């Protein structure tokens, strides 16, 4: 009964509802990268292993 | 299977020195493998003849 | 025509899941780049083995737990799904976990006296707590193909799977890890060419000295691709419908035919005999329950009208 607990939601609200999302924000271009020594910048293409 | 015996169907010449040269169909993006692995073959051990 | 297709070369087995074939001599640089091609195939698209579907003795969803275990089910199943094996008849086996009584729950509590080699007879799932407690399931397993997680179809994947019929991470691909290394050529004729070295390590489904061609085929069968130059394609074939005279403007009702035919030709949606007059007989074998007898009724019930099958027309 911290789950089955209720709380007032002020005069104007009988009930409230929620959902949470595990958003798998994958590796992609336009996203940002860096290293420890102050190099900071955008991922500007993904290259085949030989395109390198 | 989708290695569908993918013959060089679409070549498009430009005049006795240059064509488009294309290879199809390919495995959900596999031109990324062939266009960098096989393109290195095309720069390794090739025919023709010249002054020495 | 001056192909080379080399063979025979090397052996260095280490432990069932890793062996170390190597390649020399190589022409002037070949070993420096080629090991990056299989780095796609031996991850994405491979056949091998995985679990496909599961049904459980009191657990409708893996996002939960069962009142008698000592470990909890989502982060158990994350480890169970790696159980991948080998199969020796047709591709599939619906295995079973048969477990009851105190102690660990393992690959040694599973059905294994048939066409199957459970190469993981040391995998462990969880515990049980009393001499009459249980955990049991059906387990569909195939050799299959690909790196498929339990959501991949992404719609029609709401699908009506009877509540407890778990779809599973069918990651059939027996490798993700593959890489290579290089030397100078060392065959005692030479010190003057290059040499490839392999560091494949596996899902335990096979060893690197056990089998290979399908795992190199999206690089070997990528060669006919440049020669023998005949290819492949499909058409468009229909017209936009419909006008007088009402010889074609009729449902199957007008034909005087049998009831199972009238159920499966209803599923095949042929609600105007104006197109049953021109659909190919082989093209009626395109929905099940429509077999050798119903496919044979068509051949005179159309003619009985004073009509025929096989009557394409330039305007409908």
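The numbers used for chain C are those of Swiss-Prot, and the residues that appear cover 6-321, in sequence.
Placement of Cβ uses the backbone N, Cα and C atoms for every residue, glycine included.
Lifted from Swiss-Prot, the feature list:
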MOD_RES   C:265  ADP-ribosylarginine
MOD_RES   C:297  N6-acetyllysine
MOD_RES   C:298  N6-acetyllysine
REGION    C:162-165  region 'Required for interaction with Crp at class II promoters'
What Cα-Cα separation, expressed in whole Å, is found between the residue listed as 'ADP-ribosylarginine' and residue C:298 (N6-acetyllysine)?
10
Apart from its near flanks, which chain residues at least 6 from the ends of the region 'Required for interaction with Crp at class II promoters' (C:162-165) lie with a Cβ under 8 angstroms of it?
156, 172
For the residue listed as 'ADP-ribosylarginine': DSSP state (helix, strand, coil):
helix
Those modified residues listed as C:265, C:297, C:298, and which of them has the most Cβ atoms within 10 Å of its own Cβ:
C:265
